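K.L.:
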Amino acid sequence: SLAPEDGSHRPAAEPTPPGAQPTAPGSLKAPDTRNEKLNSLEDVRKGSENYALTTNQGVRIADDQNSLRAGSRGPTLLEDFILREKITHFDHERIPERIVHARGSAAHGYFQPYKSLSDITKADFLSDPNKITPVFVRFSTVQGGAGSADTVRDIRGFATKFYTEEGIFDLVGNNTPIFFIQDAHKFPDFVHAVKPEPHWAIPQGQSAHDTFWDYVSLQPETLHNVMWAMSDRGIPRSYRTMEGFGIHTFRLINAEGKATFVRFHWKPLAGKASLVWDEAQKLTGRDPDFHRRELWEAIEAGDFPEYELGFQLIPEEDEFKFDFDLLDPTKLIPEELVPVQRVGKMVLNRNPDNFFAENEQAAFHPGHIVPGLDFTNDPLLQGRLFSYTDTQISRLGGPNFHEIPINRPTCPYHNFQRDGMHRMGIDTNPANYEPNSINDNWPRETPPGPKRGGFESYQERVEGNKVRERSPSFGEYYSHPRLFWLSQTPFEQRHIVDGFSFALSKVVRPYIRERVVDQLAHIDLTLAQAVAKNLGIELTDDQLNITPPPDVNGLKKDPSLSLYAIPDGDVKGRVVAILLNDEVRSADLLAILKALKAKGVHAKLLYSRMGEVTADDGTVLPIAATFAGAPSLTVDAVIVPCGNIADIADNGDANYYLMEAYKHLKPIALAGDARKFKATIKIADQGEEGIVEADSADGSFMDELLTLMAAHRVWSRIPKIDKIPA
Amino acid sequence: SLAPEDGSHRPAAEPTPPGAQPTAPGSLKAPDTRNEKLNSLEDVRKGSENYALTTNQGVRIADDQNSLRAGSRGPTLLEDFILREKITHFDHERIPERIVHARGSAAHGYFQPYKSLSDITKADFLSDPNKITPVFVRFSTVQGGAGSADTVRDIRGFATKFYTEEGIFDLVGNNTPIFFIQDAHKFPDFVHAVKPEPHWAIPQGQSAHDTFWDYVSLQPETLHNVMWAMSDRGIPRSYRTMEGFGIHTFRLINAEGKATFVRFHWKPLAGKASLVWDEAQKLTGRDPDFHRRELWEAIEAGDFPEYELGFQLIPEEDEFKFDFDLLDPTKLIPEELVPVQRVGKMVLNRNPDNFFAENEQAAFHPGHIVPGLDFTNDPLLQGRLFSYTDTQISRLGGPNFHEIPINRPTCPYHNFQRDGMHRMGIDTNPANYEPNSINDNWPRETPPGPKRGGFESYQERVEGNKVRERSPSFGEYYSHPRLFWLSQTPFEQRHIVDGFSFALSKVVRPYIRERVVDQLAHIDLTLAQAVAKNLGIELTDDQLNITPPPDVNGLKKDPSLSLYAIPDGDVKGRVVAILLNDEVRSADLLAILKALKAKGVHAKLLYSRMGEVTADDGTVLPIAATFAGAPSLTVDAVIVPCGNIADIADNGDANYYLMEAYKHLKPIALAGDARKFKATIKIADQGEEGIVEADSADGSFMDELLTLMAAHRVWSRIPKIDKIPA
Amino acid sequence: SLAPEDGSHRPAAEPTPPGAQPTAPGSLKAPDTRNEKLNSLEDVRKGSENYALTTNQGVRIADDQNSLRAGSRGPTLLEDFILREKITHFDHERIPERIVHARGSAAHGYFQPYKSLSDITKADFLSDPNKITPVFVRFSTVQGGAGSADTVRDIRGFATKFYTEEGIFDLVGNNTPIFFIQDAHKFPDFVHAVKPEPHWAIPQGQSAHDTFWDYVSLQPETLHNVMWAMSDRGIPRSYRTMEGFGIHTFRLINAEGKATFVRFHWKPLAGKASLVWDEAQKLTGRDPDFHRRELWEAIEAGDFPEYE
Amino acid sequence: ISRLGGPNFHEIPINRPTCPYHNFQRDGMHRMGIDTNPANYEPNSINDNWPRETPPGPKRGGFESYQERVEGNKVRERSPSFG
Ligand code: HEM
Ligand code: HEM
Ligand code: HEM
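Going down the list, the protein sequences come from chains A, B, C and D.
Take 1 as the starting number for the first sequence in this note's numbering and just add one per residue.
Take 1 as the starting number for the second sequence in this note's numbering and just add one per residue.
Take 1 as the starting number for the third sequence in this note's numbering and just add one per residue.
Take 1 as the starting number for the fourth sequence in this note's numbering and just add one per residue.
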């Protein structure tokens with residue numbers, strides 16, 4: 001048999017930290033993690049152990065190594081139906097990728113509310129805190145293909161399919177609270193501008209090219225979301241550490257028929273955190289799967305992604321109470337004006353079994369709502385409602401995509417629709433039309449009502465002429481970008497300046513850079529001048545004199561728009577690199593590992609080669625990777641214990657390891673003679689804030705390191721990084 | 001609630017004769033008829049009674065009569081996701097029809113062998129007389145589209161999917177024992193020649209046009225199957241009353257590895273029976289679904305179609321012992337040389353629930369064989385092996401067509417194939433390749449053996465150069481057509497002459513007619529002269545002197561090639577029209593109806609309007625159809641009971657009903673004053689064979705009518721039918 | 001007019017070195033370059049300057065910035081056929097990528113033989129040193145998707161379509177002279193092993209994972225091509241500085257019917273050159289389009305890729 | 001989209017306009033037209049915004065919907081006048 005005698009080919013079906021075990025399909029890693037959707041897919045899971053290899057017709061194969069030929073050096077024969085079926089299936093494996101958000105990573109989980117929301121909505125999944133709704137969630141980038149890298153600068157999608165008892169509700173959101181454009185008619189133009197340019201299909205996974213900034217310069221409605229993308233919002237550390245938003249104003253409808261406007265939020269219970277740009281870019285080369293792998297390994301470790309669902313609620317009579325239009329999806333609703341009510345929690349606790357069958361084939365669409373929710377006339381939402389039904393017809397092969405297992409409702413579904421490519425359901429109804437007598441009119445319509453009723457639209461009043469015209473109320477483009485800019489910390493603002501300066505430096509036509517700097521001067525002169533300086537552009541006197549846009553309803557900032565202004569750091573699930581030497585102080589290591597364990601922080605033990613080293617006291621320490629093999633990009637903090645520091649003090653790779661972690665603002669902790677490394681990162685004898693140092697790794701040295709990790713990065717180090725070459 | 005209070009909308013779930021109740025889905029008409037494949041479809045059967053109407057996402061619908069609009073006379077809104085889902089599914093209901101045999105009718109059933117065939121084949125489904133294998137059978141025409149008519153002149157397909165414990169085996173045959181062409185490379189040429197012509201797409205369901213006969217005149221290999229199509233074999237009475245054949249020689253392989261050549265047969269246990277051409281052509285107009293209807297209603301009545309599988313077996317050492325090549329599919333093996341050995345019985349006993357899901361999506365392919373069977377080098381079979389897998393990728397939408405419920409095996413199937421459009425199975429194997437160690441190499445190959453082994457091809461010797469060349473052994477075209485012609489009764493030979501005469505009359509270019517007559521003169525001079533006389537063509541002295549082809553292995557006829565030469569008639573399931581009048585002799589009708597019921601012959605009571613008539617003694621007689629509504633075309637015989645004959649004696653429809661039945665050779669029985677209709681059909685006072693007449697329907701009147709029915713038609717009447725204008 | 005007055009939006013229609021001008025579609029950058037295949041594509045080339053914006057049915061569009069709504073803050077109307085055509089075409093832009101070799105970069109060119117090869121083959125494109133055959137060439141990686149990076153460690157494809165006067169001949173080769181496996185029946189197993197693993201779809205553009213090395217360790221026929229892949233052959237500097245091979249033995253047939261066994265080679269006239277691994281892996285991050293860009297800009301500069 | 005295999009059905013010869021048609025739509029299965037436009041979006045400067053919108057007018061103008069007045073609530077209701 002081919003597996004090793006000792007069973008080391010098979011991962012334990014228990015939670016294990018990243019790196020400890022090979023990853024596995026979710027039902028084999030966590031067989032007793034169950035939900036109603038995961039149990040309903042049991043009819044289509046297939047196993048493998050102890051079964052014979054067959055054709056798809058059930059014929060057992062004897063030799064799966066060779067084609068049928070006339071003689072053993074002869075021509076292959078057409079009658080080889082086993083070869084032809086196997087190669088035909090392979091030749092047809094691929095389906096079209098999604099037009100946007102082609103790169104994504106997904107998991108199963110569940111949602112439960114914190115209280116009944118019956119007073120504001122009749123949605124059944126929100127009716128009782130003991131109602132547990134299975135979910136499937138896909139996180140994604142926007143521009144790149146399905147084989148593009150994860151840690152690009154981009155908006156991220158955050159789509160959740162809720163399998164409710166009254167239907168599937170898909171909340172198809174992104175990680176910023178607005179979008180780039182106002183009207184769905186312009187979506188092909190914006191997406192064509194951001195995607196690879198049509199002559200040569202470059203660049204992949206990047207907005208930093210001429211056509212994107214040409215469109216932005218000509219369409220100032222885009223500037224708000226462009227500010228978010230150029231911020232560190234555009235480079236999240238993990239899908240676990242970003243916010244979600246539905247963007248549009250929707251409606252909640254209660255059993256008395258009252259409509260409330262709502263915008264939806266997801267708040268990450270692990271907190272908000274982002275990479276820095278050079279780290280994100282380098283990680284696209286060293287691990288283009290970093291966020292897919294982080295999500296999968298968090299769930300295999302038990303560090304389940306958790307989010308709180310939140311609603312901003314605005315009464316119908318307050319529709320015109322703000323100085324922006326609630327229907328304009330380039331405007332956000334500041335939390336200082338309308339707070340987020342926390343409504344429930346979602347936990348992602350199981351990975352798929354098969355990526356293609358469950359993630360690639362999943363179909364999310366924001367028109368999939370349930371009684372108790374409704375739309376508004378937001379003109380970007382209104383066009384979305386057409387596009388997701390349409391695109392699924394070619395991506396997933398026809399109109400029966402709801403029969404693909406991951407998309408199936410878990411509640412009953414019955415109607416008079418028939419046929420279509422790869423129709424699975426075999427209808428026995430004598431009728432395929434209504435009204436009918438021949439089946440006593442079943443399945444029957446259901447009037448709307450407080451529970452288990454049919455869907456009726458809220459009877460909004462519509463009055464106007466048939467026009468292709470933008471509302472005048474949507475014609476203000478600079479106040480929300482300014483509010484966002486003024487809400488950032490000073491280091492977040494520098495990172496935004498740097499994001500625009502990097503991007504516009506890769507625009508080849510200089511007039512486009514100049515037109516973007518002119519737009520920036522309508523938002524904030526400090527930002528405009530800082531970007532201009534980096535491009536060698538000088539503002540004109542007219543530009544220096546543009547009047548700043550107005551505050552938003554008297555606000556001149558809102559700290560909820562910053563990643564970092566209000567502390568919300570959480571270290572569970574983060575990872576520290578420990579740089580070993582060939583004679584490690586074991587007492588340093590016991591102390592380190594114990595304190596990390598107590599906070600749920602993982603460790604990775606690194607050295608010069610694969611294998612093991614032995615500690616001063618004889619403990620054998622298995623090495624996970626080389627310094628060069630698992631770079632600092634992939635960890636949150638670096639600790640270097642004592643022992644034979646002499647042994648690594650000269651290693652180019654160990655030095656670079658600490659230079660790169662330093663440049664990227666990561667906490668570094670140095671014990672005993674590991675303080676020799678201070679010289680490579682140019683740290684003064686009396687120390688520096690963000691470098692933890694002591695004689696040994698006692699319990700105090702660990703608390704200080706863990707406090708630095710809760711604050712994510714050492715922002716105060718920014719003015720010091722320029723003068724290490726890394 | 002729209003059903004009648006009396007429950008008359010719903011058919012009884014019990015066997016009922018044709019017309020007695022509305023037809024229904026098989027699992028509602030016959031819920032207790034079960035087999036392993038029908039039970040395995042339960043996971044996808046969907047009911048309807050008592051369920052709410054929903055979208056395909058499970059959202060209940062309140063109003064399925066209206067689109068959402070801005071005001072009740074306003075424009076429809078794009079946000080109407082319930083209208084766009086319903087119309088999207090409707091707009092994509094169609095899939096491509098099959099390239100050939102697009103018109104077909106299908107049913108479920110089961111097969112059992114009479115004894116174990118373990119001495120000649122290791123196929124599991126033939127190993128044990130107590131082993132029952134579910135089947136699904138589709139019967140079809142060849143040329144017309146899925147909306148074409150059933151009783152055209154054409155070859156018929158007879159395809160059986162056997163759901164065995166060792167894999168699906170599809171036996172994909174037709175109703176004649178040879179095909180038109182020798183090498184699959186010509187199949188697009190032949191099928192383009194018989195199909196509607198490409199400029200104008202005419203004619204549907206007919207080979208009587210110039211390109212067909214141009215190809216036949218240029219490719220004499222076609223003449224054998226053309227003879228069978230021009231005979232009454234081309235116009236079967238029902239799928240129940242035709243033979244089936246696999247056409248190719250295949251191999252049986254036993255557990256000791258011995259190969260035996262085999263050709264497959266189906267014998268209809270209801271006997272052989274065909275229409276006559278004027279009746280078939282007219283029936284394409286009055287009921288283009290006649291065979292689909294007759295099949296479905298026979299199964300609803302309990303008149304299950306039954307067939308016996310038989311094998312012609314030739315030892316490997318006898319390959320070259322005949323005047324024709326066993327591998328040439330334009331040659332038959334006469335049963336006088338190699339008898340058919342009875343192997344088992346197939347009963348079709350349940351209709352589908354949904355025609356699209358089960359019939360239109362079924363995929364049959366003759367490359368789907370099982371261990372114990374193998375192919376030969378027949379060059380028509382060899383190209384078929386390529387075509388069926390290929391066509392299914394576009395007809396059924398991708399390479400996962402085996403996951404469409406009707407096509408799924410009932411036995412296990414596991415392999416390393418993944419992905420593809422509308423992938424249903426979610427594989428949990430950690431490996432998607434072999435050899436692998438990470439799942440200990442499962443699923444694993446299985447060596448060949450006596451039972452439950454892997455498939456291995458028979459190690460036939462191949463020797464020769466790579467050539468595109470027809471074997472010289474295949475270059476003989478006229479002997480099997482002549483054997484067929486000489487085996488027909490004189491009335492069957494007249495019907496062949498009439499088939500060729502009518503067909504060639506529709507060929508516009510007269511030189512093509514003359515080239516076909518010349519080919520007939522190579523087969524049999526009598527046939528050629530009779531067709532030439534009907535075409536106004538005179539044979540040349542050269543044609544008159546062509547020497548006939550040789551006998552086939554000494555035979556100058558083989559009666560098993562005739563439909564009628566050896567009586568095999570069965571009356572159960574046949575139907576009789578009874579022509580009512582407004583004061584029927586109730587004693588005649590009691591005697592008639594119970595005689596027919598005793599022999600399983602159905603009746604249809606006809607009159608000049610719907611509703612009821614009252615008999616001499618007050619019995620209320622319900623009318624099934626009018627004389628025009630249910631013409632004589634649709635029945636096998638006609639009975640006119642006594643009573644007030646003057647009610648119907650001058651009814652042109654009643655009179656023409658008898659004239660048409662008379663012309664089409666059907667038995668007619670006239671009781672009492674119904675003998676006044678003798679003048680309509682010009683019968684002598686002293687009577688004539690084929691017309692039953694007495695003073696009442698008692699004594700031997702019904703036995704005589706039933707005797708005529710068992711002989712199917714009154715062939716002795718053929719010379720008498722010309723002196724009738726009908 | 002949205003273009004700048006000075007015309008600096010439009011790249012010069014003449015050869016210019018990398019970075020000197022924005023890149024452009026080839027018939028705009030190099031209008032004077034022609035061959036028989038480029039000339040035969042002219043009936044489907046569509047321009048743009050001075051034309052009105054239309055639907056695909058040729059109806060001129062007045063307002064391409066807004067959906068049709070009932071009132072300017074109202075719901076979008078289903079009768080907006082201009083919005084639905086534009087979004088429907090957008091919704092259906094994608095087609096499946098190639099099962100293997102999905103990442104690739106291509107250019108037009110021409111081929112000419114040095115002398116007639118009629119003594120060994122009757123192939124018309126090889127019959128006359130004056131006979132010029134248009135080509136279209138696509139270079140590729142093997143494992144990654146169409147949106148993966150160029151300077152991965154992988155084998156590269158080198159596929160040439162020759163548009164001859166006796167038919168299309170496709171020479172579909174790679175940049176090493178052997179393949180990993182011996183019998184096509186095993187291709188899906190080998191390709192499944194090298195591709196991203198099926199539970200989680202990682203890693204992209206990399207053979208450095210368990211399933212690839214499990215297959216290799218169990219199928220020693222793979223080791224030859226694995227040695228090439230682990231060498232600097234697996235990380236070419238440019239598609240211009242790698243070899244090409246047809247791998248298989250084919251036959252040449254002359255007019256007298258004689259068969260000669262042949263294996264096909266492409267020799268880069270710019271020579272052989274590879275990156276080093278740390279450089280290649282870092283370039284996947286900093287410019288995942290580096291080989292597609294280098295090929296396109298070499299052609300816009302006149303530094304045409306040449307192979308023998 | 002399903003009957004004719006994708007969104008380029010207007011390029012099947014019988015369905016093609018005989019008048020000009022130019023826009024920024026790209027790709028799709030069996031795409032025949034090879035666009036040379038450097039831009040595939042508007043507004044653009046890189047091709048001076050061509051092809052360009054056309055105001056409505058008496059002849060050769062862009063399409064504009066008649067500005068019918070719409071007044072009603074969002075309802076799934078048959079007009080009583082149709083009963
Ligand atoms: C507020 C603005 C929007 C947000 C938050 C949004 C978000 C998303 C997300 C998260 C996905 C990926 C879902 C998945 O993981 O499969 C997606 C896919 C998609 N989006 Fe949107 N989107 C927006 C606007 C639009 C507009 C205006 C259109 C077109 C009118 C559109 C058309 C599509 C299409 C065609 C797909 C691919 C869907 C599929 O193939 O199943 N999006 N969008
Ligand atoms: C002995 C000669 C043949 C017989 C008895 C035969 C019989 C049949 C039958 C009965 C069907 C319909 C199965 C069903 O009901 O779905 C069928 C379909 C078909 N036949 Fe054959 N056939 C013959 C030769 C050929 C040849 C030579 C080719 C091509 C090389 C061919 C290609 C096809 C194709 C493409 C279909 C449609 C299959 C589908 O869409 O699933 N047939 N044939
Ligand atoms: C000597 C070994 C082989 C070489 C040199 C080779 C080379 C290539 C190249 C260069 C391409 C990309 C063509 C392009 O640029 O579009 C390609 C594509 C492909 N190869 Fe091969 N390959 C080999 C073996 C195989 C085998 C054994 C199979 C299957 C039996 C296979 C199936 C494919 C398929 C399905 C495609 C995608 C073609 C398309 O979508 O148009 N290759 N191969």
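Quick reminder that beta carbons are idealized off the backbone N, C-alpha and C, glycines included.
Just verifying my parser: in three-state terms, what is the DSSP assignment at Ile253 of chain B?
P.N.:
Looking at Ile253 of chain B - three-state DSSP - the assignment turns out to be strand.
K.L.:
What does the Cβ neighbour count give for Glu689 of chain A, buried or exposed, with the cut at 16 atoms within 10 Å?
P.N.:
Exposed, since its Cβ has fewer than 16 Cβ neighbours within 10 Å.
K.L.:
For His248 of chain C, go through chain B and note every residue whose CB falls closer than 8 Å to its CB, in chain order.
P.N.:
Simply none; closest approach about 17 Å.
K.L.:
Sort out for me which residues DSSP pairs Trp266 of chain B with in a bridge.
P.N.:
Answer by DSSP bridge pairing, in chain order: B:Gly244 and B:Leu309.
K.L.:
Determine which residues of the stretch 361 to 388 of chain B have a Cβ less than 8 Å from any Cβ of chain A, and write them out in chain order.
P.N.:
Taking 8 Å as the Cβ-Cβ cut-off against chain A, the residues of the stretch 361 to 388 of chain B that qualify are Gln361, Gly367, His368, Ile369, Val370, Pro371, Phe375, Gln382, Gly383, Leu385 and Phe386.
K.L.:
From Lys195 of chain A to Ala70 of chain A, what does the alpha carbon distance come to, in whole angstroms?
P.N.:
Near 51 Å, if we compare the C-alpha coordinates of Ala70 of chain A and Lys195 of chain A.
K.L.:
Residues of chain C with a CB under 9 Å from the CB of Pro448 of chain B: which are they?
P.N.:
In chain order: nothing, as chain C lies at least about 17 Å away.
K.L.:
Is it the case that the CB of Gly383 of chain B approaches a heavy atom of ligand 2 more closely than 8 Å?
P.N.:
True, at least one ligand heavy atom lies under 8 Å from that Cβ.
K.L.:
What are the start and end residues of the alpha helix (DSSP H) that includes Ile299 of chain C?
P.N.:
Here the alpha helix (DSSP H) through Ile299 of chain C covers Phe290 to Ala301.
K.L.:
Determine the chain A residues that contact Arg26 of chain D at a beta-carbon separation under 8 Å, and present them in chain order.
P.N.:
The answer, in chain order, is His192 and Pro198.
K.L.:
For the beta strand (DSSP E) holding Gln112 of chain A, just list the boundary residues, first then last.
P.N.:
Element bounds for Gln112 of chain A: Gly104 to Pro113.
K.L.:
So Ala654 of chain A is in the alpha helix (DSSP H); what residue range does that whole segment cover?
P.N.:
Looking at the DSSP string, the run of the alpha helix (DSSP H) that includes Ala654 of chain A is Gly652 to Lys663.
K.L.:
Give the residues from the stretch 58 to 76 of chain B that approach chain C closer than 7 Å (Cβ to any Cβ), ordered along the chain.
P.N.:
Under the 7 Å Cβ criterion, the stretch 58 to 76 of chain B contributes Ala70, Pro75 and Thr76.
K.L.:
With a threshold of 6 Å on Cβ separation, who are the neighbours of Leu385 of chain B within its own chain once the five nearest residues in sequence on each side are excluded?
P.N.:
Taken in chain order, the residues that qualify are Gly367.
K.L.:
Taking a contact to mean a Cβ-Cβ separation below 9 Å, would you say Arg609 of chain A touches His664 of chain A in this structure?
P.N.:
No.
K.L.:
Which chain D residues are close to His92 of chain B, counting only those with a beta carbon under 7 Å from its beta carbon?
P.N.:
Per Cβ cutoff of 7 Å: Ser2.
K.L.:
Would you mind sorting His92 of chain A into buried or exposed? The rule is 16 or more other CB atoms within 10 Å of its CB.
P.N.:
Answer is buried; the Cβ neighbour count reaches 16.
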